[PDB]
Amino acid sequence: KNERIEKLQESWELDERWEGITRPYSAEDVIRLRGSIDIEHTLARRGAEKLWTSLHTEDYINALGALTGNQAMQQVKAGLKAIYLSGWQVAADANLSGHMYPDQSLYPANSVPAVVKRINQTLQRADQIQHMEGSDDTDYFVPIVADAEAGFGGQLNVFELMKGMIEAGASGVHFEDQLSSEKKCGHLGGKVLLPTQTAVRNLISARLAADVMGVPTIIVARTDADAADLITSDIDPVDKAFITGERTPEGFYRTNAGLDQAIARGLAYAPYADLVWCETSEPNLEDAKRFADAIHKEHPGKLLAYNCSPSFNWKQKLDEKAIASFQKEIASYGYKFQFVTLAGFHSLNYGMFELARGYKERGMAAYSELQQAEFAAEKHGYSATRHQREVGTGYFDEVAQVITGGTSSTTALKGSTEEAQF
Amino acid sequence: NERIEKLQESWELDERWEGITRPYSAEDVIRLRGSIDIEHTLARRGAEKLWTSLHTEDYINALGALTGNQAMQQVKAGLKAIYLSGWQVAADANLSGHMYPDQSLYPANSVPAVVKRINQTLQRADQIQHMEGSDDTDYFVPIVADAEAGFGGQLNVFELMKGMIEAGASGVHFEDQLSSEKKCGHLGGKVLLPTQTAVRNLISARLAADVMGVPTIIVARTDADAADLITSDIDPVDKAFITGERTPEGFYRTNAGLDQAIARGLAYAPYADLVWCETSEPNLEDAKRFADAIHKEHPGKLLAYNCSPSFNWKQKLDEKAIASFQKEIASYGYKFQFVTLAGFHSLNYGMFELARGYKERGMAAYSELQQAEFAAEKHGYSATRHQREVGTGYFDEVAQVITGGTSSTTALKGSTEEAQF
Amino acid sequence: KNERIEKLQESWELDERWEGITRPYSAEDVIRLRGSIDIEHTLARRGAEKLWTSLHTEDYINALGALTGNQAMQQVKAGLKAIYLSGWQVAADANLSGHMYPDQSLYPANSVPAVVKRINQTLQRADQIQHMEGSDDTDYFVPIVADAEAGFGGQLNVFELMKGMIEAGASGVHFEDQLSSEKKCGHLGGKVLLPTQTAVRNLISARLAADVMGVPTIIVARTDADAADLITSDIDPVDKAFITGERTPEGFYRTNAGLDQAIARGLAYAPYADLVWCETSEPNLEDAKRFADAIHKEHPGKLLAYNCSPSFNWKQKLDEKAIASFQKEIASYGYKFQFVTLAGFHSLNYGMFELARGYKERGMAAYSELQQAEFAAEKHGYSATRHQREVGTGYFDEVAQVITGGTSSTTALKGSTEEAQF
Amino acid sequence: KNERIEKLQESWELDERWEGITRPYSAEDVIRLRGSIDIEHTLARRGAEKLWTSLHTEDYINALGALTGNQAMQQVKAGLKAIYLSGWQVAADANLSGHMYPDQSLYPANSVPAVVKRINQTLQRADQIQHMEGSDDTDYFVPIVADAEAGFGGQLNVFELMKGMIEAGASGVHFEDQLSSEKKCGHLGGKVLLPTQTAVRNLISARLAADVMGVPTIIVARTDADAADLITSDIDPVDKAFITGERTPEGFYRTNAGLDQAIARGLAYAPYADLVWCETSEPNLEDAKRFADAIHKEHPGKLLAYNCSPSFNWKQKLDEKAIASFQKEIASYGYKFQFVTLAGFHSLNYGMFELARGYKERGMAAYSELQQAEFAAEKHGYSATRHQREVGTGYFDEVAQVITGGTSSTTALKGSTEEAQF
């Protein structure tokens with residue numbers, strides 16, 4: 001009890017991980033909520049330590065939205081150093097209700113944890129295949145940054161969702177300052193802000209959940225206040241600077257949206273978050289720098305996150321040169337976690353539409369074209385054209401050989417069309 | 001009497017059941033049904049639609065889908081059926097959340113869960129189109145789903161078939177492999193059931209469809225073309241293929257090939273709506289020999305063909321043969337043709353290429369995909385407008401109906417989608 | 001076409017089912033949201049119809065909370081005419097997170113539909129076992145009335161949850177006028193009311209879901225306003241009579257709680273629900289009568305529901321004569337749906353504690369006492385002592401027999417210890 | 001990598017945990033299958049260690065079947081030292097297909113691990129409540145012994161199910177020598193044996209999964225050979241003594257069932273299992289002695305498990321005196337793990353039938369009778385009377401107060417009927 005608490009307090013005081021982070025609660029409070037034993041969360045712990053290190057040693061970390069394990073595995077094979085788990089993509093195509101939803105927190109709260117677990121389990125299998133074949137060359141255990149939306153209710157829903165993300169092996173979790181019952185994609189209308197004090201309580205709840213689980217999980221504070229021109233309540237005096245006095249039929253207060261409202265929220269959330277994220281209506285370098293300088297005046301060195309959103313028309317907003325240089329340029333402002341939220345959705349839907357249309361028009365000629373493009377990608381590191389090997393048929397054959405002392409008559413890769421034709 | 005007679009009339013009077021053996025009575029089926037009939041709308045409409053299409057179209061060709069979005073794009077592309085691969089579910093979409101090879105390792109309710117997801121995505125697509133003021137596209141295309149070797153015995157088959165129907169499947173395939181040693185048709189190590197056991201599984205499948213009251217399509221698959229092992233020598237009709245050699249596990253070695261496959265194909269034909277012979281390559285003359293063998297006994301019998309990504313197509317066939325393949329086997333009676341792993345290869349190839357591009361060139365790579373999407377809108381692609389695609393418009397209308405048009409928090413007005421697209 | 005619209009509009013205006021019910025939307029609105037086909041929901045339709053007839057047949061329907069199919073199956077065998085599906089019980093022991101939770105909407109939103117479906121599936125198996133053996137006497141297809149709490153967010157979460165309840169085969173669903181993010185058990189402190197207008201919109205959302213599904217599901221409007229002394233907002237002029245002007249640190253408004261507040265909400269909800277339910281702090285005939293009289297002054301004949309809560313200390317509140325007559329009496333005021341919310345939780349916990357303690361002290365003598373109690377109950381309609389039969393071993397023996405033309409070697413009941421010893 | 005191999009061969013050579021246990025594979029093979037990292041499984045490891053220690057320090061460990069976390073929690077509160085997780089109970093009322101099934105391996109293979117996980121999470125919450133209130137008196141983390149049936153297919157299905165059990169935090173797992181596609185309850189007809197070699201390969205597969213996961217999980221080897229008079233294959237020479245030559249229409253071989261066939265299987269499985277279990281058709285002391293004496297001839301001090309089955313009519317088979325001493329008496333033969341498989345089913349079904357029938361006849365008088373019985377049980381350590389506390393309402397109140405720095409106006413136990421009336 002003494003030792004357990006003293007060790008926790010010692011970690012908060014000495015570890016540079018917690019520099020500039022406020023905890024408005026004690027080590028004794030955390031140990032009181034932990035129960036009588038510590039449960040180890042190996043992937044969550046390893047991932048969060050690796051992510052913390054990468055954010056401070058890489059020029060920046062660029063990720064793509066992944067909604068299956070296989071998408072994540074190809075992202076790691078292409079050389080990306082983190083996976084982004086979009087709640088938008090989970091609403092669309094990968095939630096535990098099995099419905100297609102817009103991005104309005106309509107799906108079950110345990111849906112993103114479930115996909116974190118799936119992704120970690122695919123990466124484990126990929127690691128096992130590689131390890132079994134004699135190398136540890138590729139590091140398949142890359143950090144997953146997951147979308148917790150507005151936490152699917154109040155501060156206790158936030159607490160439970162943060163714990164579920166850690167249980168599943170997420171390295172980082174983002175929370176946004178929206179009223180959960182009205183939650184929207186950052187690039188839709190009808191965004192309703194929480195009071196500053198409530199959004200702060202959600203970030204404190206996420207940190208308390210991480211502390212109870214015993215894992216230094218990365219917390220990303222997102223503000224929707226650049227575009228949001230509604231707030232649930234006028235209760236917080238710091239929000240009254242932006243309130244016009246008009247009320248909607250629902251009782252929401254209208255506000256003066258813009259960079260001033262977002263900077264105010266960023267500065268409020270910075271002491272309670274590892275990274276700050278400002279949603280924007282277009283990919284604008286000047287706005288990104290303005291936001292960055294505002295945070296950096298009060299919290300120099302504060303890590304920032306940037307949504308390179310497919311909700312933008314990139315060629316409409318930016319010239320070819322500006323597009324090519326965009327990520328390197330914003331990284332120089334402190335945007336060290338950068339992610340294309342819906343890359344997985346667009347990859348999956350475009351790929352299948354074009355394939356199925358080709359197939360409809362030209363039958364097996366369209367499918368052979370795809371198989372040939374796959375053979376052509378092998379020299380750049382693609383391996384999935386050998387699908388039996390990719391999903392672990394070789395790993396399970398070796399399991400069977402260890403079980404039977406190498407006598408099994410029913411191993412799968414020997415006598416396969418893969419070994420004959422590939 | 002009323003329920004018995006009604007069922008009996010269907011079996012005897014309907015064209016649907018021409019050439020189909022049921023070894024049990026209508027009275028057997030109503031004894032197992034319970035006191036009420038539960039309707040299965042998507043299962044019934046899909047099975048009716050599939051049966052009609054298989055008789056009106058030259059052929060029906062499908063691709064594997066492992067998500068509702070993949071299925072939705074297949075429909076928008078103009079395909080008339082969806083294939084639900086168990087291989088794909090093993091690989092990336094099963095209820096254990098693990099990546100597995102194709103050896104019946106995932107939980108048995110996994111394929112039904114994906115059937116239900118695809119039907120719910122199609123339902124949403126239909127809801128969006130209907131709200132916007134058209135019923136142009138028929139989103140309710142039939143799903144043909146993989147039941148593997150039934151994940152156990154005759155009772156596991158019965159339960160799985162019911163699960164497929166509950167989820168809204170139009171058709172279901174079962175193969176003549178030992179469930180505990182199940183393999184992908186193009187993997188080694190395959191073990192056949194005795195003919196009599198494989199026939200009992202098909203009986204079990206039909207009895208499940210009959211209990212649920214739905215005319216579900218049943219595809220009987222044989223793995224006897226390459227499978228050189230059988231569990232048992234119990235069945236006298238299997239004797240001709242059994243060598244007498246046994247494996248250490250006690251499986252009996254058989255002489256595999258087209259003769260063993262034709263024998264099972266003829267045994268299964270009275271108990272299924274389509275017969276499917278797994279092959280080791282896309283060989284027109286073998287396809288023709290199998291078809292002629294079946295049709296010799298059962299003229300007009302519908303057949304199914306796996307246009308498998310487990311074949312190296314360029315290596316096996318010239319451009320001309322690849323171009324004509326589906327229309328050529330359709331002329332032998334292969335009216336249901338499917339690329340089992342199309343969803344896997346589309347998803348994996350697509351993401352690898354985007355991710356490598358992104359790794360090398362950041363947003364130039366993403367912008368290239370976005371520009372390709374915009375161009376693809378000129379031949380019917382819509383997913384560029386991602387907010388509309390997923391039903392943001394549908395939920396805006398629901399909100400406006402609930403609030404009588406007073407809602408201050410609708411999504412599409414003020415979106416970047418409306419301003420930039 | 002335009003007929004399919006006119007028919008729906010006619011049924012609302014003319015069918016007895018919809019007497020006294022307001023729909024602020026049109027038939028054309030519902031058909032616009034239904035898509036191109038109608039999907040059949042047999043158990044949800046039949047059970048809603050049977051629940052409506054039952055409410056006009058019996059003096060009252062008294063139900064117990066069930067958290068498993070087997071509990072619901074025994075409730076039917078004991079002669080009860082509906083099943084109550086408690087969200088409290090799902091929180092505690094039967095939700096899709098697998099956690100034990102207090103009753104604060106912490107669990108995933110699809111959890112109660114999952115349990116509705118489980119209970120319907122057990123009841124289907126019971127009916128199959130009876131049907132196969134040649135009886136159709138017991139009606140196993142009793143209506144389920146399910147807890148949708150405060151809808152797990154906004155009006156769209158309400159819409160989706162109500163659709164989930166109908167897909168699962170619920171006959172009725174209840175919704176309460178609480179802020180979802182602060183949801184509590186009716187007998188906990190810290191309850192926050194919605195504005196009257198928001199609570200009404202939630203009821204409108206639930207009816208629109210049931211109309212879109214094409215099922216006449218029973219909707220129960222619950223008010224928490226008897227004890228709730230907080231409201232989210234003063235936006236609704238009809239709530240201003242109860243609002244003191246004091247505010248909490250979170251920005252909630254203090255209200256004067258009591259029967260007057262509860263009556264105001266009951267009158268406001270009555271046109272938008274089939275039954276009205278007033279949560280109470282104790283089982284008091286006079287208060288039950290005042291509430292029913294107040295409703296019936298404006299809505300003569302309105303069906304009411306009453307929670308016979310295990311959260312009450314019954315012996316502390318009522319003498320034994322008053323306990324024995326309670327349901328008979330409040331039924332005469334119009335409380336035609338009565339339920340013990342946590343019956344299942346208390347039955348399962350108490351029975352296992354008693355069995356485990358006896359077993360700890362006396363080994364198999366304690367287990368043999370239960371088994372002898374079960375044999376003694378068979379005279380009264382209990383059958384589960386023959387566990388193999390109860391769970392449908394005889395049904396599956398008959399499936400195997402039909403499949404094999406009566407040649408199976410591996411049927412279960414012949415050669416069982418059940419066949420030899422029971 | 002040398003260190004990972006070294007720590008494994010050091011454990012196998014030095015630790016008496018592995019006395020008498022044969023592993024046909026190498027520490028090298030285990031590390032080649034594990035992958036590049038070690039994942040910690042705290043509850044599986046602590047549970048298996050606790051279970052191993054209990055089986056050596058106590059005369060016996062007696063358990064009851066539990067199918068919910070609440071049942072398991074009351075078993076612990078009553079003073080039981082292990083929890084039995086019955087596959088039969090999961091088939092009946094707690095599997096992931098949500099159907100009521102006989103005990104024939106019809107449900108999804110991940111169902112029992114899902115219930116292991118639920119029970120551990122319930123025990124964790126009870127630990128958290130006790131810890132917060134300021135003691136660690138009760139050890140809630142009692143070991144769970146879980147039913148893996150016949151492994152839901154071949155040796156790879158066994159391998160996956162064992163890993164699933166360990167991931168969920170099971171302390172022990174049982175596997176039976178039945179053909180999975182024909183699996184029956186031990187007390188049903190139509191059981192079919194695997195050949196000895198195949199049964200042994202399943203046990204090898206289980207041990208390899210535990211070694212790969214890095215946890216010393218208890219493996220129980222069950223034989224159905226006392227009553228099973230069918231086998232799938234005559235392939236194994238050690239089985240020819242029992243095979244008659246008679247076959248069934250399905251191709252199964254008739255065998256001479258009885259204690260000789262069971263002793264043969266028990267001796268064959270002993271080197272591959274930590275406990276051996278012989279299914280019996282009645283609770284017969286002489287048969288239990290004869291089995292123990294035949295195993296101990298070759299494996300002195302081998303731990304044995306005994307099913308105190310509700311499939312037996314206990315009063316038909318034994319006198320009052322014999323029932324009362326039965327567990328003590330078979331414990332002296334080496335039956336150190338004793339469990340009543342279906343205690344959860346009979347407790348749940350009997351209790352709810354009795355309550356619903358009393359509720360049917362006497363309304364709230366019947367419910368008040370249960371509530372007063374519950375109050376009477378408090379002196380013995382029953383706490384569920386106070387249901388709000390039991391499920392962690394006070395835990396989540398203290399979480400809310402920590403997040404809000406003590407400023408929350410919405411905590412749940414303050415103003416509850418539980419604080420007012422109990």
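What's counted below: heavy atoms across the whole structure, side chains too, no hydrogens, waters or symmetry copies. We name chains A, B, ... by the order of the sequence lines, and we start the count at 1 in each one.
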Ring geometry between B:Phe395 and C:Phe159 (parallel below 30°, tilted from 30 to 60°, perpendicular above 60°): perpendicular
C:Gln338 side-chain N/O to C:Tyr335 backbone N/O, donor-acceptor pair under 3.5 Å: yes
Salt-bridge contact C:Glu282-C:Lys317 (side-chain N to carboxylate O under 4.0 Å): yes
Side-chain H-bond candidate by donor/acceptor type, D:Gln401 with D:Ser408, under 3.5 Å: no
Nearest non-hydrogen partners of A:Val158 and A:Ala206, listed with the distance: CG1-N, 4.0 Å
Polar side chain donor-acceptor pair, C:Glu279 to C:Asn307, under 3.5 angstrom: yes
Heavy atoms from other residues, nucleotides or ligands near CD of C:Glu286 exceed 12 (cutoff 6.0 Å): no
Salt bridge present between C:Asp287 and C:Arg290 (N-O < 4.0 angstrom): yes
Under 3.5 Å side-chain donor-acceptor pair for A:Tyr269 and A:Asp177: yes
Test item: A:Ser180 side-chain N/O and A:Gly153 main-chain N/O as donor-acceptor pair under 3.5 Å: yes
All pairs passing salt bridge (charged side-chain N to carboxylate O under 4.0 Å, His left out) where residues 238-249 of chain C contributes a residue, at least two apart: A:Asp234-C:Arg247, C:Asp239-C:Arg265
Aromatic ring pairing C:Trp314/C:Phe326, orientation class (parallel under 30°, perpendicular over 60°, tilted between): perpendicular
Minimal non-hydrogen separation, C:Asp274 against C:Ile218, with atom names: OD2-CA, 3.4 Å
Over 12 foreign heavy atoms within 6.0 Å of NZ, C:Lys289: no
Main-chain N/O of C:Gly87 paired with C:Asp147 side-chain donor or acceptor, under 3.5 Å: yes
Carboxylate-amine/guanidinium proximity below 4.0 Å for C:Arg23 and C:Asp211: yes
Check: C:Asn157 side chain, C:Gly151 main-chain N or O, donor-acceptor pair, under 3.5 Å: no
Minimal non-hydrogen separation, A:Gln261 against A:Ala228, with atom names: NE2-O, 2.9 Å
Full working for side-chain contact (heavy atoms from CB on, under 4.5 Å) between C:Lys184 and D:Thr410: CA-CA 9 Å; C:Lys184 304 290 190 306; D:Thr410 65; 3.9 Å; yes
For C:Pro102 against C:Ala91, the heavy-atom pair lying closest together: O-CB, 3.8 Å
Chi angles and distances behind the side-chain contact (heavy atoms from CB on, under 4.5 Å) call for C:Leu161, C:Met165: CA-CA 6 Å; C:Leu161 180 48; C:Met165 296 293 199; 4.3 Å; yes
Exercise: do C:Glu149 and C:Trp88 side chains pair donor with acceptor under 3.5 Å: no
C:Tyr333 ring center near C:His296 ring center (under 6.0 Å): no
C:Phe337 and C:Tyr84 aromatic ring geometry - parallel, tilted or perpendicular at 30°/60° bounds: tilted
Any side-chain donor near an acceptor of the partner, D:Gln388 and D:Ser416, under 3.5 Å: no
Verdict with reasoning, C:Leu106 to C:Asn95, per side-chain contact (heavy atoms from CB on, under 4.5 Å): CA-CA 10 Å; C:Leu106 295 177; C:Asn95 69 75; over 6 Å; no
Interatomic distance, C:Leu179 atom CG to C:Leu230 atom CG [nearest 0.5 angstrom]: 10.5 Å
Modelled atom types, side-chain donor and acceptor of C:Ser311 and D:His387, under 3.5 Å: yes
Ring centre gap for C:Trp277 and C:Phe291 strictly below 6.0 Å: no
C:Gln155 side chain to C:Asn202 side chain, donor-acceptor N/O pair below 3.5 angstrom: yes
Minimum heavy-atom distance C:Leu304-C:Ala292, with the two atoms named: CD1-CB, 3.3 Å
Backbone N/O of C:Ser281 and side chain of D:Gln421: donor-acceptor pair under 3.5 Å: yes
Pairing residues for C:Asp224 by the side-chain hydrogen bond (donor to acceptor under 3.5 Å, both in side chains) criterion, not counting sequence neighbours: C:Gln178, C:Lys191, C:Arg222
Check: C:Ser205 side chain, C:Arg201 main-chain N or O, donor-acceptor pair, under 3.5 Å: no
Rounded distance (nearest 0.5 Å) linking atom CD of A:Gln197 with atom OG1 of D:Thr404: 11.0 Å
C:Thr223/C:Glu176 under side-chain contact (heavy atoms from CB on, under 4.5 Å): CA gap, chis, key distance, verdict: CA-CA 6 Å; C:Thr223 186; C:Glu176 67 219 10; over 6 Å; no
C:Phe252 backbone acceptor or donor facing C:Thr248 side chain under 3.5 Å: yes
Donor-acceptor pair between A:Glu160 and C:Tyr107 side chains, under 3.5 angstrom: no
Closest contact, heavy atoms only, A:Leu33 versus D:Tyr395: O-OH, 2.5 Å
